[PDB]
């Protein structure tokens, strides 16, 4: 029942209930003559919502807020971007204009600034060293080390056992490495091991793009990263 680029007109967003008070958001974007899906997370925080990641652009992100307003009807008070690339911070101004507090690590804020990308307002302290975790309302934020990017974070919902891996985790259908221009291929498998060791109990694993699964998405990503590393 999980939405694919099949069920999603570009410019629109669908929500998907993963567990009680946890949803993913799914959007699509054209890039380089192909159409890709993109996932983020929505976590109920009492009577408000914490959003993880934009819906990859201003137009998509305005559709996301409208769709949250339609389908959940609770206010989005805070948002966290999991790394500095446009599919995660693109739309941060839309969030800001709607009165959402936008957050990212100083590492992410620095890299977005260098990249000329949108910059989340608020800074997340205590994530600068591999293996650091901090509590952020109904989730834990975890910096596993460099992987897809040097600043990538992952997000865990303790109450529902949902691990959101963002773009550091690939879906099973992904069989070759994506865009790795900003990746640390040498450290990626070690970073995934930190994730494995810290959340052995996760029941659902949501990748940055594509279908959810279980913890074998971690091993899958390792397999793919290692194959790419060994490319001839």
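Residue numbers count along the first chain shown, from 1.
- Between 145 to 153 and 128 to 136, the higher mean Cα B-factor belongs to 128 to 136.
- For the segment pair 64 to 72 and 165 to 173, the entry gives 64 to 72 the higher mean B-factor, averaged over Cα atoms.
- Of all the options 42, 186, 181, 192, the entry's greatest CA B-factor is assigned to 181.
- Across 89, 104, 160, 100, the entry's maximum B-factor at the CA atom is seen for 160.
- Compared with the other modelled residues of the chain, the Cα B-factor recorded for residue 212 ranks in the middle third.
- When the CA B factors of the chain's modelled residues are split into thirds, the value for residue 225 lands in the lowest one.
- Sorting the modelled residues of the chain by their CA temperature factor places residue 38 in the middle third.
- Compared with the other modelled residues of the chain, the Cα B-factor recorded for residue 26 ranks in the middle third.
- Per the PDB record, residue ranking by Cα B-factor puts residue 49 in the middle third of the chain.
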